[PDB]
Every structure is written in structure tokens, then in C-alpha cells.
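In: first chunk of the complex, coordinates as they sit in the assembly:
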Amino acid sequence: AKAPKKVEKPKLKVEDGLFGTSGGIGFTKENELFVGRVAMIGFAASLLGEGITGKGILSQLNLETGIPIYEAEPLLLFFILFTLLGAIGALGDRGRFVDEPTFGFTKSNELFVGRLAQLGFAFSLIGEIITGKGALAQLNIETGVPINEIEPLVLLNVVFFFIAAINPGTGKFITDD
């Protein structure tokens, strides 16, 4: 009927919030996962779009390329900063992913695919800003691999990222408390 009084356990303030703080402020791992999916689809669409048109994504979006970074649209620079900070989990990494207590990707695997996507996307965008060359052209130049031999390998990436972006992942999200 009446519950016994519980000796209140010393609650732990976890340092996994915005820039590491413990004040419960910042993205959860779920938020990060979503943002990561958006980056997966964006990166994939960038590569596919360039593979089809021959033009980088920023060029297709009517933005100036082949310019120093300080001349680029500040909104683009902000998106790049956001993407990078998110990739390293600086915008908050609150909570945990755990195995479903009881054979594809787990939610954490998904999270890391998302972070890799964020890195590659940010790097490719900065690259296009400075050089005027899209992610595919950059890949061709830096790998030494001819375009015809790099196209299928890139198409495999587009498919990989697209599938990953829709895959929920196994396991469950758990709040710090």
C-alpha cells in the first residue's frame, strides 16, 4: 500500500552535452542520428548529382565556387561548421545506445556512418568552395583513379548511404537518468 522510503541514490551528472557540459543541454544521440541521416542523403545526392550532370552540388545550387572561404555565403559556412561540430559530437552526445537485451547495423553503427558522412560532406564542400570542383572531381584528382573507374565505386557509396539513411538500426536509446 504505502511504499517504503528510498535512500536517494547520488544522481550522476554526465558530461555529454553541448561542448561537454553536464547541464542537460545539447543533442541526444537520437538527434545526432537524424542529422547524420540528413548528411548521408545530402552527400549521396551530391555525388549522384555530380555523376549525372558533371557539376558539383554548390554549383547546382547557384553558389560561387573557386573562391577563398571568407567570400562564400556565411550560411554555407555555418552549415559546414554545424556539420563538423556535429560529427565530433560537440553539439551534444546525450544518452546511450544499447543492445536490445535478449544481423545488420545497430543504431550506433548507423551513428558512425552518419558521422563519416558528415566529415566527407564537409570536406567536399570546403573543397568545392576553394577549387570549384565537386566531390567526384576531387575524388578523381586525389585518388589518381580515372573517372570511368571511380564512377561505379562511388555509385556503390550512394546506394550504401541511401540504404543506411533509411535503416533504423537495432538496439534502443537510453536516457542518462
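Out: Happy to help now that I have it. Residues are numbered from 1 along each chain as shown, chains lettered A, B, ... in the order given.
In: Just the terminal-to-terminal distance for stretch A:24-34.
Out: Stretch A:24-34 stretches 19 Å from its first residue to its last (CA to CA, to the nearest Å).
In: Also stretch A:20-33?
Out: End-to-end for stretch A:20-33, by CA to CA: 18 Å.
In: What is the distance between that stretch and the centre of its chain?
Out: Taking the mean of its C-alpha atoms, stretch A:20-33 sits 15 Å from the chain's own mean (CA atoms, centre = their mean, to the nearest Å).
In: same question, stretch A:123-142
Out: 18 Å.
In: May I see the buried residues of that stretch?
Out: By 16 or more other CB atoms under 10 Å, the buried positions in stretch A:123-142 come out as A:124-129, A:133-140. To be clear about C-beta, it is placed using only N, CA and C from the backbone, and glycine gets the same treatment.
In: tell me which of those residues is nearest to residue A:91?
Out: Within those, the smallest distance to residue A:91 is 17.8 Å, found for residue A:125 (CB to CB).
In: so is the nearest residue to that closest one once chain neighbours are set aside in a helix, a strand, or just coil?
Out: Using CB to CB, 6 or more residues apart in numbering and skipping the chain neighbours, the partner closest in space to residue A:125 is residue A:80 (5.6 Å). Classification of residue A:80 by DSSP: H, G, I helix; E, B strand; the rest coil places it in helix.
In: isn't residue A:80 right up against residue A:124?
Out: No: look at residue A:80 against residue A:124 with CB atoms under 8 Å: they stay out of range, at 10.2 Å.
In: follow-up on the earlier one: next, count neighbours for the residue nearest to residue A:125.
Out: 18 (other CB atoms under 10 Å).
In: From residue A:51, how far out is it?
Out: In this view, residue A:80 and residue A:51 are 22 Å apart by CB to CB, to the nearest Å.
In: picking up where we left off before, same list (the buried residues of stretch A:123-142) but as TSV, adding secondary structure and distance to residue A:107.
Out: Shown next, in TSV, are those (DSSP: H, G, I helix; E, B strand; the rest coil; distance: CB to CB, whole Å):
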residue	secondary structure	distance to residue A:107
A:124	helix	25
A:125	helix	26
A:126	helix	29
A:127	helix	30
A:128	helix	31
A:129	helix	33
A:133	coil	35
A:134	coil	31
A:135	helix	27
A:136	helix	30
A:137	helix	34
A:138	helix	31
A:139	helix	29
A:140	helix	34
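In: could you also fit chain B onto it:
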Amino acid sequence: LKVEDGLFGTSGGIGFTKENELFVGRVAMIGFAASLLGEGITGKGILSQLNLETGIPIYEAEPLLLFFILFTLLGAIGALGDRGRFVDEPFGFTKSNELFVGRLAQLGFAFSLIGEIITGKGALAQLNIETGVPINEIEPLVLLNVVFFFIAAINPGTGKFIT
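Out: Putting chain B onto the chains we already have gives this:
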């Protein structure tokens, strides 16, 4: 029960702990700062100071350097393991703030290295070209940044580590 915070998110208990990461991060802070300072003193990027070939495509660069860049990048995003937690003790910088300064240093270092490989220009010169700000107006701010990383690399940070 089984946390997914190990190597590439695995729960097997394989991978770096947050402490390992923090250490690697300190090493990164010191490396980055020392490379900036070194460019200031020598006028040459760190890779040129180490006499490594620059102004070249990535695939022609030394495999150990590329190894190091990948390692640094994967470490920055926690893919090499992020096991355990940092919690408040039951300036003001916690070990988590420290971890993120380290990750920032890792991103910046990796960036500058790839940039130097491709362009043959050190981090300071990259900064100059990409901000429009003259080198002489740049160096004080960078020196301040250099002092910060050295301070952070040595600062233990408050809080503790839980398994």
C-alpha cells in the same frame, strides 16, 4: 546493459575509452600547436620541416602520414571507441571540455596536413590565403591559440571517469 560505445559503435568492449581518447587528444593539441609555432619560426609547414613531399595528390603522399591522418580523423569522431563516461565530481574545464578541445585539435591538424599535402602550404599560409588576413595580423591570434592548446594539453580537467 551492453553499451554500444566501442570500435565503430560495437558493444563487445573493444576500442578506446574516453581516457585513451583524451590522451591522444592532448598529443594532438601539442602536435598542432608545435606545427603552427614551427611554421612561424621556420616559415615552412610541418611536413616540409620534416622534409616530407608536398604539393602532390593524396595517393602519392607517405602511407604513414595518411595512416596518421585517418587515425586522427576517426579518433576525432569517436569511431575508434568512446567507452565509459565523464561525470562531474560529487578554468572550470572538465575532462569532457578537454576531450572536445582535443577533438578540435585533431580536426584542425588533419585539415592542415591534407591541405599542406595538396598545396605545399603550411597551416599559417592556408589561414592567410583563406581568411584574407595578412600573416602579420594572423600570428598574434595564432600564438594566443598556441598558448591555449599547450595550457589545455597539460590541464588535467575536473571530473572523473566511470566504466
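In: What about the buried residues of stretch A:123-142 again, now that chain B is present?
Out: A:123-131, A:133-142 (16 or more other CB atoms under 10 Å in any protein chain shown).
In: Please list which of the residues you listed are also close to chain B.
Out: A:130, A:141, A:142 (CB under 8 Å from any CB of the partner chain).
In: can you pull the contacts of the second one?
Out: For residue A:141, the contacting residues are A:133, B:57, by CB atoms under 8 Å, 6 or more residues apart in numbering or on different chains.
In: Let me know the helix or strand that it is in.
Out: helix A:135-143 (DSSP states H and E).
In: Next secondary structure element downstream of that helix?
Out: Taking DSSP H and E, what comes next after helix A:135-143 is helix A:147-166.
In: Counting by contacts, list what that following helix packs against.
Out: With contacts taken as 3 or more CB pairs under 8 Å, 6 or more residues apart in numbering or on different chains; DSSP states H and E, helix A:147-166 sits against helix A:29-53, helix A:107-131, helix A:135-143.
In: For the ones next to chain B among the buried residues of stretch A:123-142, give me TSV that also has distance to residue A:97.
Out: As requested, these are exported to TSV (distance: CB to CB, whole Å):
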residue	distance to residue A:97
A:130	36
A:141	37
A:142	33
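In: Out of these, which comes closest to chain B?
Out: residue A:142 (4.4 Å; CB to the nearest CB).
In: Now do that closest one against residue B:116, distance only.
Out: 14 Å.
In: Near chain B, which residues of chain A? Just list them.
Out: Within chain A, the positions near chain B by CB under 8 Å from any CB are A:10, A:12-16, A:19-22, A:68-70, A:84, A:87-90, A:96-99, A:101, A:106-112, A:115-116, A:118-119, A:130, A:141-144, A:171.
In: Could you tell me which of those residues count as buried?
Out: Applying 16+ other CB under 10 Å to the residues of chain A next to chain B flags A:13-16, A:19-22, A:69, A:84, A:87-90, A:96-99, A:106-112, A:115-116, A:118-119, A:130, A:141-142, A:171 as buried.
In: Spell out which residues sit in contact with residue A:120, please.
Out: Taking CB under 8 Å, 6+ apart, we find residue A:120 in contact with A:43, A:135.
In: how does it look with 7 Å?
Out: Counting by CB atoms under 7 Å, 6 or more residues apart in numbering or on different chains, residue A:120 makes contact with residue A:43.
In: Alright, calling it a day.
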